[PDB]
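start37.txt follows; it contains compact mmCIF, N, CA and C atoms.
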# COMPACT_ATOMS: atom_id res chain seq x y z
N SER T 334 -151.66 314.77 42.52
CA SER T 334 -152.89 314.61 41.72
C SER T 334 -154.01 315.40 42.38
N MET T 335 -155.11 315.50 41.68
CA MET T 335 -156.25 316.16 42.19
C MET T 335 -157.53 315.60 41.55
N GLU T 336 -158.58 315.69 42.33
CA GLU T 336 -159.88 315.22 41.93
C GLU T 336 -160.77 316.44 41.70
N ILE T 337 -161.50 316.43 40.59
CA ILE T 337 -162.44 317.45 40.24
C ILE T 337 -163.81 316.84 40.37
N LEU T 338 -164.64 317.50 41.12
CA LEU T 338 -165.99 317.06 41.24
C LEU T 338 -167.00 318.18 41.35
N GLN T 339 -168.25 317.78 41.18
CA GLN T 339 -169.32 318.74 41.24
C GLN T 339 -170.29 318.36 42.35
N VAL T 340 -170.72 319.35 43.10
CA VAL T 340 -171.61 319.17 44.23
C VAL T 340 -172.77 320.14 44.06
N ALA T 341 -174.00 319.66 44.10
CA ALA T 341 -175.21 320.50 43.98
C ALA T 341 -175.95 320.52 45.29
N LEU T 342 -176.17 321.72 45.81
CA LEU T 342 -176.93 321.96 47.04
C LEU T 342 -178.21 322.71 46.63
N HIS T 343 -179.26 322.53 47.44
CA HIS T 343 -180.58 323.09 47.08
C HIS T 343 -181.10 323.89 48.28
N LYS T 344 -181.19 325.20 48.12
CA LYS T 344 -181.66 326.10 49.16
C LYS T 344 -183.16 325.93 49.35
N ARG T 345 -183.65 325.84 50.59
CA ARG T 345 -185.08 325.80 50.89
C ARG T 345 -185.76 327.19 50.87
N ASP T 346 -184.99 328.26 51.01
CA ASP T 346 -185.47 329.62 50.75
C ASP T 346 -184.30 330.47 50.30
N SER T 347 -184.60 331.65 49.78
CA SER T 347 -183.56 332.47 49.15
C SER T 347 -182.56 333.02 50.13
N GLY T 348 -182.88 333.05 51.43
CA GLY T 348 -181.95 333.54 52.42
C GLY T 348 -181.22 332.47 53.19
N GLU T 349 -181.31 331.20 52.78
CA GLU T 349 -180.65 330.10 53.53
C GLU T 349 -179.18 330.10 53.25
N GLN T 350 -178.38 329.90 54.29
CA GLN T 350 -176.96 329.79 54.12
C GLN T 350 -176.60 328.37 53.71
N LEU T 351 -175.47 328.22 53.03
CA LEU T 351 -174.98 326.90 52.65
C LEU T 351 -174.28 326.17 53.80
N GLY T 352 -173.74 326.92 54.73
CA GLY T 352 -173.01 326.37 55.84
C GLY T 352 -171.54 326.07 55.54
N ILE T 353 -170.86 326.98 54.88
CA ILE T 353 -169.49 326.82 54.48
C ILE T 353 -168.68 328.00 54.93
N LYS T 354 -167.49 327.79 55.43
CA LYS T 354 -166.52 328.85 55.73
C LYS T 354 -165.51 328.89 54.62
N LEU T 355 -165.47 329.99 53.89
CA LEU T 355 -164.60 330.18 52.73
C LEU T 355 -163.47 331.14 53.11
N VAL T 356 -162.26 330.84 52.66
CA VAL T 356 -161.09 331.65 52.93
C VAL T 356 -160.24 331.85 51.68
N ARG T 357 -159.49 332.93 51.74
CA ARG T 357 -158.38 333.16 50.80
C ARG T 357 -157.09 332.79 51.49
N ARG T 358 -156.08 332.58 50.66
CA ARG T 358 -154.73 332.33 51.08
C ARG T 358 -153.79 333.38 50.46
N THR T 359 -152.79 333.82 51.20
CA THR T 359 -151.87 334.80 50.66
C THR T 359 -150.92 334.18 49.65
N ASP T 360 -150.64 332.87 49.80
CA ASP T 360 -149.58 332.22 49.03
C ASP T 360 -150.04 331.48 47.77
N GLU T 361 -151.32 331.46 47.49
CA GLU T 361 -151.78 330.89 46.25
C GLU T 361 -153.13 331.48 45.97
N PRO T 362 -153.49 331.56 44.70
CA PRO T 362 -154.76 332.16 44.38
C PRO T 362 -155.88 331.17 44.70
N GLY T 363 -157.08 331.73 44.71
CA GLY T 363 -158.28 330.94 44.82
C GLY T 363 -159.06 331.13 46.08
N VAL T 364 -160.16 330.40 46.11
CA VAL T 364 -161.10 330.42 47.22
C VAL T 364 -161.17 329.00 47.73
N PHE T 365 -161.01 328.84 49.04
CA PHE T 365 -160.92 327.53 49.65
C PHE T 365 -161.92 327.34 50.76
N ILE T 366 -162.33 326.08 50.91
CA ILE T 366 -163.18 325.73 52.03
C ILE T 366 -162.32 325.43 53.24
N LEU T 367 -162.57 326.15 54.34
CA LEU T 367 -161.88 325.88 55.58
C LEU T 367 -162.56 324.79 56.37
N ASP T 368 -163.87 324.91 56.52
CA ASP T 368 -164.65 324.05 57.41
C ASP T 368 -166.11 324.16 57.00
N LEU T 369 -166.91 323.19 57.46
CA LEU T 369 -168.34 323.17 57.25
C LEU T 369 -169.05 323.40 58.57
N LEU T 370 -170.17 324.12 58.55
CA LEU T 370 -170.83 324.42 59.78
C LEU T 370 -171.76 323.29 60.17
N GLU T 371 -171.75 323.01 61.47
CA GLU T 371 -172.65 322.08 62.11
C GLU T 371 -174.07 322.21 61.58
N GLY T 372 -174.57 321.14 61.01
CA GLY T 372 -175.97 321.03 60.66
C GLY T 372 -176.42 321.72 59.40
N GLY T 373 -175.51 322.37 58.72
CA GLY T 373 -175.82 323.07 57.52
C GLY T 373 -176.06 322.25 56.28
N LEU T 374 -176.54 322.88 55.19
CA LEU T 374 -176.80 322.17 53.97
C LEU T 374 -175.59 321.41 53.50
N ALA T 375 -174.42 322.04 53.50
CA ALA T 375 -173.24 321.39 53.00
C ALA T 375 -172.87 320.17 53.83
N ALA T 376 -172.94 320.29 55.14
CA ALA T 376 -172.65 319.19 56.02
C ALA T 376 -173.62 318.05 55.80
N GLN T 377 -174.90 318.37 55.65
CA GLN T 377 -175.90 317.35 55.42
C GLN T 377 -175.63 316.58 54.13
N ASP T 378 -175.24 317.30 53.08
CA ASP T 378 -174.92 316.69 51.81
C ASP T 378 -173.75 315.75 51.91
N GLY T 379 -172.71 316.12 52.65
CA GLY T 379 -171.61 315.22 53.01
C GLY T 379 -170.50 315.11 52.02
N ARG T 380 -170.51 315.84 50.92
CA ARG T 380 -169.48 315.70 49.90
C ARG T 380 -168.33 316.69 50.03
N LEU T 381 -168.60 317.91 50.42
CA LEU T 381 -167.54 318.92 50.52
C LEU T 381 -166.65 318.67 51.71
N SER T 382 -165.41 319.15 51.63
CA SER T 382 -164.41 318.87 52.66
C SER T 382 -163.47 320.06 52.87
N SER T 383 -162.95 320.17 54.08
CA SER T 383 -161.84 321.07 54.37
C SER T 383 -160.73 320.91 53.34
N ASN T 384 -160.26 322.07 52.88
CA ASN T 384 -159.18 322.30 51.92
C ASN T 384 -159.57 322.10 50.43
N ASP T 385 -160.85 321.84 50.14
CA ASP T 385 -161.32 321.89 48.78
C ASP T 385 -161.19 323.27 48.21
N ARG T 386 -160.79 323.39 46.97
CA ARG T 386 -160.76 324.64 46.24
C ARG T 386 -162.03 324.81 45.38
N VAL T 387 -162.72 325.93 45.54
CA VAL T 387 -163.94 326.18 44.75
C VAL T 387 -163.50 326.82 43.44
N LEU T 388 -163.66 326.10 42.34
CA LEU T 388 -163.31 326.56 41.00
C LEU T 388 -164.40 327.38 40.33
N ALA T 389 -165.65 327.08 40.62
CA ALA T 389 -166.79 327.75 39.95
C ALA T 389 -168.02 327.51 40.78
N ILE T 390 -168.92 328.45 40.66
CA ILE T 390 -170.27 328.36 41.19
C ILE T 390 -171.31 328.78 40.13
N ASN T 391 -172.20 327.85 39.85
CA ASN T 391 -173.23 328.06 38.85
C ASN T 391 -172.68 328.60 37.53
N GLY T 392 -171.55 328.02 37.13
CA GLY T 392 -170.92 328.43 35.89
C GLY T 392 -170.13 329.72 35.99
N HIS T 393 -170.10 330.38 37.12
CA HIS T 393 -169.32 331.60 37.33
C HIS T 393 -167.93 331.21 37.83
N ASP T 394 -166.92 331.65 37.11
CA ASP T 394 -165.53 331.29 37.41
C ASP T 394 -165.05 331.91 38.69
N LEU T 395 -164.45 331.12 39.56
CA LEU T 395 -163.88 331.54 40.83
C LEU T 395 -162.42 331.15 40.95
N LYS T 396 -161.76 330.76 39.86
CA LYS T 396 -160.35 330.33 39.98
C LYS T 396 -159.48 331.39 40.62
N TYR T 397 -159.69 332.65 40.22
CA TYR T 397 -158.95 333.79 40.75
C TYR T 397 -159.87 334.73 41.49
N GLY T 398 -160.90 334.17 42.10
CA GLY T 398 -161.87 334.92 42.83
C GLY T 398 -161.49 335.19 44.27
N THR T 399 -162.47 335.73 44.99
CA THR T 399 -162.34 336.09 46.38
C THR T 399 -163.53 335.56 47.17
N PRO T 400 -163.41 335.45 48.51
CA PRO T 400 -164.57 335.08 49.30
C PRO T 400 -165.73 336.03 49.09
N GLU T 401 -165.50 337.33 48.96
CA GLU T 401 -166.61 338.27 48.78
C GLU T 401 -167.31 338.04 47.43
N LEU T 402 -166.58 337.71 46.38
CA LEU T 402 -167.23 337.39 45.11
C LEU T 402 -168.08 336.15 45.21
N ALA T 403 -167.56 335.12 45.88
CA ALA T 403 -168.37 333.94 46.12
C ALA T 403 -169.64 334.27 46.89
N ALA T 404 -169.54 335.10 47.93
CA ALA T 404 -170.70 335.50 48.70
C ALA T 404 -171.74 336.19 47.83
N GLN T 405 -171.32 337.08 46.96
CA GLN T 405 -172.26 337.80 46.11
C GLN T 405 -173.04 336.84 45.21
N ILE T 406 -172.34 335.86 44.68
CA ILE T 406 -172.92 334.89 43.80
C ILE T 406 -173.90 334.00 44.54
N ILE T 407 -173.51 333.52 45.68
CA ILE T 407 -174.39 332.66 46.46
C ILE T 407 -175.61 333.39 46.97
N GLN T 408 -175.44 334.62 47.45
CA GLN T 408 -176.58 335.36 48.01
C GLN T 408 -177.62 335.69 46.93
N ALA T 409 -177.19 335.82 45.69
CA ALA T 409 -178.07 336.17 44.58
C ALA T 409 -178.56 334.95 43.84
N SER T 410 -178.19 333.74 44.25
CA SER T 410 -178.49 332.53 43.51
C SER T 410 -179.95 332.24 43.50
N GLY T 411 -180.34 331.36 42.58
CA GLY T 411 -181.56 330.61 42.64
C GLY T 411 -181.47 329.50 43.67
N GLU T 412 -182.46 328.62 43.65
CA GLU T 412 -182.49 327.54 44.61
C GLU T 412 -181.33 326.57 44.47
N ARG T 413 -180.87 326.33 43.24
CA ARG T 413 -179.82 325.36 43.00
C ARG T 413 -178.46 326.04 43.01
N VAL T 414 -177.54 325.54 43.82
CA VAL T 414 -176.16 326.04 43.84
C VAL T 414 -175.27 324.87 43.52
N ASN T 415 -174.64 324.94 42.35
CA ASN T 415 -173.76 323.90 41.89
C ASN T 415 -172.32 324.39 41.99
N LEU T 416 -171.53 323.67 42.76
CA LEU T 416 -170.12 323.98 42.93
C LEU T 416 -169.23 322.99 42.20
N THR T 417 -168.19 323.53 41.56
CA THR T 417 -167.12 322.74 40.96
C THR T 417 -165.94 322.93 41.90
N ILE T 418 -165.43 321.78 42.33
CA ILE T 418 -164.43 321.59 43.36
C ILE T 418 -163.14 320.95 42.84
N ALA T 419 -161.96 321.38 43.30
CA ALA T 419 -160.71 320.63 43.17
C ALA T 419 -160.24 320.20 44.51
N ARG T 420 -159.95 318.92 44.65
CA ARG T 420 -159.53 318.32 45.89
C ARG T 420 -158.15 317.73 45.71
N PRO T 421 -157.12 318.37 46.26
CA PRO T 421 -155.74 317.91 45.96
C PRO T 421 -155.28 316.89 46.91
N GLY T 422 -154.33 316.08 46.47
CA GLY T 422 -153.47 315.39 47.41
C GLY T 422 -153.91 314.01 47.79
N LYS T 423 -153.01 313.30 48.47
CA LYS T 423 -153.29 311.98 48.96
C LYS T 423 -154.06 312.00 50.27
N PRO T 424 -155.01 311.10 50.43
CA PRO T 424 -155.82 311.05 51.64
C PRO T 424 -155.17 310.34 52.84
N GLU T 425 -154.12 309.59 52.54
CA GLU T 425 -153.45 308.76 53.52
C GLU T 425 -151.98 308.69 53.16
N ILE T 426 -151.13 308.88 54.14
CA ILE T 426 -149.72 308.84 53.97
C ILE T 426 -149.05 308.21 55.15
N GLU T 427 -148.14 307.34 54.82
CA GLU T 427 -147.27 306.76 55.85
C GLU T 427 -145.98 307.52 55.85
N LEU T 428 -145.56 307.96 57.03
CA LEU T 428 -144.38 308.77 57.20
C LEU T 428 -143.65 308.51 58.48
What does this structure look like when you write it as structure tokens?
Amino acid sequence: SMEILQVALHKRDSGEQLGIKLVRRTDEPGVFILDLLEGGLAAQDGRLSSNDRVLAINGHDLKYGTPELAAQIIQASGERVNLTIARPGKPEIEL
């Protein structure tokens, strides 16, 4: 299963970073969150997580996107950055 959610971050100036490390994978399409940076907007917000898939940013489709496309979109954004996220899998497993 997977959870779809939306997370809105608000830049305090046009050059502020979100504080997210985005990666591609060779074995599946998409843009994924690897980690959040210490003290950044995303970390402060507390909703995004390692291994989330970024489906869209501000209505711009990223399903088959790249980290560089995401960067272009974020760097050119207005103050509000709204991300649509897919979060797969079980959070707890006994094995």
Sort by chain and increasing residue number a table of all residues of stretch 353-411 of chain T within 9 Å of stretch 345-349 of chain T, each with its closest pair of atoms and their distance in Å to one decimal, counting only C-alpha atoms, and write it as JSON lines.
{"residue": "T:374", "atom": "CA", "partner": "T:349", "partner_atom": "CA", "distance": 8.8}
{"residue": "T:408", "atom": "CA", "partner": "T:348", "partner_atom": "CA", "distance": 7.2}
{"residue": "T:409", "atom": "CA", "partner": "T:347", "partner_atom": "CA", "distance": 8.0}
{"residue": "T:410", "atom": "CA", "partner": "T:347", "partner_atom": "CA", "distance": 7.6}
{"residue": "T:411", "atom": "CA", "partner": "T:347", "partner_atom": "CA", "distance": 7.1}
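When atom N of residue T:336 is paired with atom N of residue T:419, their separation reads 6.7 Å.
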- Item | Proximity to residue T:357 - best of T:417, T:375, T:399, T:386, all atoms listed in the file | T:399
- For residue T:387, work out the shell of residues within 6 Å, counting only C-alpha atoms and skipping chain neighbours fewer than 5 positions away, then give it as a list in words. residues 364, 365 and 418 of chain T
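Closest to residue T:367 among T:334, T:339, T:384, T:415 is T:384, based on all atoms listed in the file.
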- Excluding residue T:403 and residues on its chain fewer than 3 positions from it, collect all residues at most 10 Å away from it, counting only C-alpha atoms, and give them as JSON, numbers by chain. {"T": [355, 364, 387, 389, 390, 393, 394, 395, 398, 399, 400, 406, 407, 408]}
- Query: Got a sec: who's within 9 Å of residue T:382, counting only C-alpha atoms, leaving out chain neighbours fewer than 6 positions off, as a VMD selection string?
  - Reply: chain T and resid 366 to 369 376 420
Which of chain T counts as alpha helix (DSSP H) under DSSP, as an mmCIF file with N, CA and C atoms, in the frame of the given file please?
data_model
loop_
_atom_site.group_PDB
_atom_site.id
_atom_site.type_symbol
_atom_site.label_atom_id
_atom_site.label_comp_id
_atom_site.auth_asym_id
_atom_site.auth_seq_id
_atom_site.Cartn_x
_atom_site.Cartn_y
_atom_site.Cartn_z
ATOM 1 N N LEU T 374 -176.540 322.880 55.190
ATOM 2 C CA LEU T 374 -176.800 322.170 53.970
ATOM 3 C C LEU T 374 -175.590 321.410 53.500
ATOM 4 N N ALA T 375 -174.420 322.040 53.500
ATOM 5 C CA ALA T 375 -173.240 321.390 53.000
ATOM 6 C C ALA T 375 -172.870 320.170 53.830
ATOM 7 N N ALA T 376 -172.940 320.290 55.140
ATOM 8 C CA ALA T 376 -172.650 319.190 56.020
ATOM 9 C C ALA T 376 -173.620 318.050 55.800
ATOM 10 N N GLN T 377 -174.900 318.370 55.650
ATOM 11 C CA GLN T 377 -175.900 317.350 55.420
ATOM 12 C C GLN T 377 -175.630 316.580 54.130
ATOM 13 N N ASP T 378 -175.240 317.300 53.080
ATOM 14 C CA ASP T 378 -174.920 316.690 51.810
ATOM 15 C C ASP T 378 -173.750 315.750 51.910
ATOM 16 N N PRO T 400 -163.410 335.450 48.510
ATOM 17 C CA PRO T 400 -164.570 335.080 49.300
ATOM 18 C C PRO T 400 -165.730 336.030 49.090
ATOM 19 N N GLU T 401 -165.500 337.330 48.960
ATOM 20 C CA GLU T 401 -166.610 338.270 48.780
ATOM 21 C C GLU T 401 -167.310 338.040 47.430
ATOM 22 N N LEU T 402 -166.580 337.710 46.380
ATOM 23 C CA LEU T 402 -167.230 337.390 45.110
ATOM 24 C C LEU T 402 -168.080 336.150 45.210
ATOM 25 N N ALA T 403 -167.560 335.120 45.880
ATOM 26 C CA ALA T 403 -168.370 333.940 46.120
ATOM 27 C C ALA T 403 -169.640 334.270 46.890
ATOM 28 N N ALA T 404 -169.540 335.100 47.930
ATOM 29 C CA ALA T 404 -170.700 335.500 48.700
ATOM 30 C C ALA T 404 -171.740 336.190 47.830
ATOM 31 N N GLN T 405 -171.320 337.080 46.960
ATOM 32 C CA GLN T 405 -172.260 337.800 46.110
ATOM 33 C C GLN T 405 -173.040 336.840 45.210
ATOM 34 N N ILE T 406 -172.340 335.860 44.680
ATOM 35 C CA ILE T 406 -172.920 334.890 43.800
ATOM 36 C C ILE T 406 -173.900 334.000 44.540
ATOM 37 N N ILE T 407 -173.510 333.520 45.680
ATOM 38 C CA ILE T 407 -174.390 332.660 46.460
ATOM 39 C C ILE T 407 -175.610 333.390 46.970
ATOM 40 N N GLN T 408 -175.440 334.620 47.450
ATOM 41 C CA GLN T 408 -176.580 335.360 48.010
ATOM 42 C C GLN T 408 -177.620 335.690 46.930
#
- Item | T:341, T:396, T:391, T:377 ranked by distance to residue T:363, top pick (using only N, CA and C atoms) | T:396
- Query: Distance atom CA of residue T:359-atom CA of residue T:392, one decimal place?
  - Reply: 24.9 Å
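Put simply, atom CA of residue T:354 is 19.5 Å away from atom CA of residue T:412.
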- Task: Determine which residues of chain T receive a DSSP assignment of strand (DSSP E or B), computed from the backbone, and state them as an NGL selection string.
- Result: :T and (335-343 or 353-356 or 364-369 or 386-390 or 393-394 or 413-421)
